[PDB]
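Enquirer: Would you be able to build a 3D model of this:
(one chain, ligands or ions: 1)
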Amino acid sequence: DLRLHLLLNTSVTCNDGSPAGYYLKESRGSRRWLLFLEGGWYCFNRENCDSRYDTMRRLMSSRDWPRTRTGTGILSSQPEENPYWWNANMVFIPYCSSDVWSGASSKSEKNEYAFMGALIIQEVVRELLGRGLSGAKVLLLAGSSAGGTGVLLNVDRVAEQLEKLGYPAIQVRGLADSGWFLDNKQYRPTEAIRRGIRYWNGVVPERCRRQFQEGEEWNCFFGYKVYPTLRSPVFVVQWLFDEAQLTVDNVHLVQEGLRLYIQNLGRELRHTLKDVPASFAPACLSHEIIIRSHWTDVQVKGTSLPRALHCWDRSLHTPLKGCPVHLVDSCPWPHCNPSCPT
Ligand SMILES: O=C(NCCc1ccc(O)cc1)c1ccccn1
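Expert: Residues are numbered from 1 along each chain as shown. Let me share the structure:
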């Protein structure tokens, strides 16, 4: 079990002004630290956020959070469930800012809600330094869905934070699961993120901001546009037929028009990953993986995801014999990979 700690700086808050926080399980024999960002879509205006507060309140408030959480998948401490990093220090950071981890705005006389996702990450890092993170060798910032996009938006800021505070020996890396989307034509979203960024006072990485310039920062929420600008090592996990991608594309599972649409989506996703040297992209219809207990089961070209992440670690000590890091399926239809989840 990971134990809850509410942030000591109570001005860093969830949407409703309650304190943000993190769940922690220390492993004092280890100098590896895994900080996982939870997902769960977002909200982009007052009416839309009001509805989320009514029926998704744990994603907006800490008032009802439980004292403990069980670590699963990559957050498990059991070698059989987590062959990759079972002995690491484990941190789960709840998503209670509804801003894809981008916001830097407090609740005030003019703001019903606080959107502080980018500041929550930095405050968690600061408070962990006094609980052992100061001695770390590797900080892996991981996340799923909106949290996977949050990794891409925040990994270089964490690296700069630690350099500026005087911890040059901590190697910061990212793991982005199910947060790599296409701004494509629907079969039958960009306006929501354009509105949301203004509502949240959302912030994106500096090099990406300088490329796209004022008014166009929404571009940096799409993985294939923000990833080339990043300096920290980032491993990308993305199903080729992601269920959230197909939902916003208005695809519900076939005649020729839809067959061609689905095949083109997989081809485009595979193209965006061609120059991503650390990646895992199976030809499956699914969504999220790294904190699911059976994340050990899927394989690409005979290599599992925990193995690919271990090979990535070795590469950061040129290609390794029998230990690949770039694993993208070539077959063109969901479940042409026999190891896909059922
Ligand atoms: O919301 C979507 N796009 C707006 C930007 C965005 C927001 C959040 C995020 O995590 C990544 C990008 C979207 C587009 C395609 C498939 C699914 N969702």
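Enquirer: from here on, contacts and neighbour counts on C-alpha atoms
Expert: Fine.
Enquirer: My guess is residue 203 contacts residue 100. True?
Expert: No - counting by C-alpha atoms under 8 Å, residue 203 stays clear of residue 100, with 10.3 Å between them.
Enquirer: More neighbours: the two, which one.
Expert: The residue with more neighbours, out of residue 203 and residue 100, is residue 100; 32 against 20, by other C-alpha atoms under 10 Å.
Enquirer: could you list every residue that touches the spatially closest residue to the more buried one that is not a sequence neighbour?
Expert: In this structure, residue 100 finds its nearest non-sequential neighbour in residue 146, 5.2 Å apart by C-alpha to C-alpha, 6 or more residues apart in numbering. Contacts for residue 146 (C-alpha atoms under 8 Å, 6 or more residues apart in numbering) come out as 38, 39, 40, 41, 42, 100, 101, 179.
Enquirer: Can you name the two of these that sit furthest apart?
Expert: Within the contacts of residue 146, 42 and 179 form the most distant pair, 13.0 Å apart (C-alpha to C-alpha).
Enquirer: How many neighbouring residues does the closest residue to the ligand within the stretch 151-300 of the chain have?
Expert: The nearest approach of the stretch 151-300 of the chain to the ligand comes at residue 245, 3.8 Å away (C-alpha to the nearest ligand atom). Neighbourhood size, residue 245 [other C-alpha under 10 Å]: 22.
Enquirer: Show me what whatever helix or strand it lives in is packed against.
Expert: Element membership for residue 245, per DSSP states H and E: helix 243-248. Packing partners of helix 243-248 (3 or more C-alpha pairs under 8 Å, 6 or more residues apart in numbering; DSSP states H and E): none among the helices and strands.
Enquirer: Put the alpha carbons of that helix into PDB.
Expert: Output of helix 243-248 as PDB, limited to C-alpha atoms (Å, rounded to 0.1, in the frame of the first residue of the first chain):
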ATOM      1  CA  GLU A 243     -10.200   3.700 -27.700                       C
ATOM      2  CA  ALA A 244     -10.200   7.400 -26.700                       C
ATOM      3  CA  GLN A 245      -8.900   8.300 -30.200                       C
ATOM      4  CA  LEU A 246     -11.700   6.300 -31.800                       C
ATOM      5  CA  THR A 247     -14.400   7.800 -29.500                       C
ATOM      6  CA  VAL A 248     -13.500  11.400 -30.400                       C
END
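Enquirer: Distance from the chain centre to it, please.
Expert: Counting by C-alpha atoms, centre = their mean, to the nearest Å, helix 243-248 is centred 17 Å from the centre of its parent chain.
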